[PDB]
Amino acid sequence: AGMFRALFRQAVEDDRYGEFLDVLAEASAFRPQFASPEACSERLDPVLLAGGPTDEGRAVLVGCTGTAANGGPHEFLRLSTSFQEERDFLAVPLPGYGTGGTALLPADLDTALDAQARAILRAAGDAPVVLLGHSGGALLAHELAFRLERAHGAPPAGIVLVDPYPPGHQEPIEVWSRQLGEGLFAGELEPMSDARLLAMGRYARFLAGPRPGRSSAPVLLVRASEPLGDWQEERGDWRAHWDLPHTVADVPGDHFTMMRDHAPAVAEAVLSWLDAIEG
């Protein structure tokens, strides 16, 4: 429902997903914005999706909602059940995706990250925080971790990056753009709104831009084991990448199904790693 979704469908159909994302990013500049963390139009209160054993000092997991226009509060439901009786799991909304008209978009990424940081610190109290994100969410998890450290004096205890494709490793994203766009339509529980598509464009552009800082927190890189689509071997490795991770785990599934069908394997890798970094 809306012209942007119709255009997006056609762009994917015509194998021009990348080009269409640029248009979304450009158009998003004309959406009403918030320029300061306080001026955020949404309540960014994290939702507690799983509870750890009743039995202090233990790290809590914070799921950083990704940029997908078809996303929202359902994103971490399958994964989070695997944390029940193991770790608290808080899901934090991404500013710009809410309804109430529609949500204001952040003027810049740091503004959104500051809004999230304030909500997370409030909710987590004294517990160490481990940030977790998938795809776009993984890139956002790292960016938030750096902002927490540099602007809030509160570096996370760890970052879990599930299938990140950072700016230096974009070939699989380019080669699989059609499959990525199709995965977005396939994942719709309802038609992606024009407002949420514009949000997705705005964040994609944010995450392409100059982001100098590197978080001091240790990284768990979780990688899909199956290619999302056809890939010519001489291009190199299609797998997700992070520079200098603390630990690398491989799990079953592709970019999408690793979370859709194999979320227990992702949780298992996280739980093993958390135990290893804590004691």
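Numbering starts at 1 and runs along the sequence shown. Throughout, rigid core stands for the largest set of C-alpha atoms superposing within 1.5 Å between the two forms.
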Open item on the list: Comparing against the shown form in 5 other deposited structures of this protein, which stretch has the larger RMS C-alpha deviation after a rigid core superposition, 191 to 199 or 135 to 143?
Closed with: 191 to 199
Open item on the list: Rigid core superposition, C-alpha RMS per stretch in 5 other deposited structures of this protein: which comes out larger, 56 to 64 or 217 to 225?
Closed with: 56 to 64
Open item on the list: Quick check on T99: across the other compared entries (only those modelling residues on both sides), is it unmodelled in a third or more?
Closed with: yes
TODO: Might you work out how many residues are unmodelled in the deposited sequence between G100 and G101, and answer none, 1 to 3, 4 to 9, or 10 or more?
DONE: 1 to 3
Task: Continuity check for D55 and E56, given as deposited residues lacking coordinates between them - done: 1 to 3
- [ ] Mind pulling up the entry and telling me whether 147 to 155 or 110 to 118 has the higher mean Cα temperature factor?
- [x] 147 to 155
TODO: Would you tell me which stretch averages the higher CA B-factor in the PDB entry, 209 to 217 or 64 to 72?
DONE: 209 to 217
Open item on the list: Sorting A240, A39, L48, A249 by Cα temperature factor from the record, which one lands on top?
Closed with: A39
- [ ] Name the one of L131, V162, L189, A204 with the greatest CA B-factor according to the PDB entry.
- [x] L189
Open item on the list: Looking at the temperature factor on the CA atom of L180, which third of the chain's modelled residues does it land in?
Closed with: middle
TODO: Grab the CA temperature factor for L21 from the record and place it in the lowest, middle or highest third of its chain.
DONE: middle
Task: Among modelled residues of the same chain, the CA temperature factor third for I173 - done: middle
Open item on the list: By the recorded C-alpha temperature factor, relative to the other modelled residues in its chain, which third is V266 in?
Closed with: lowest
Task: Where the record places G125 (Cα B-factor, split into thirds across the chain) - done: highest
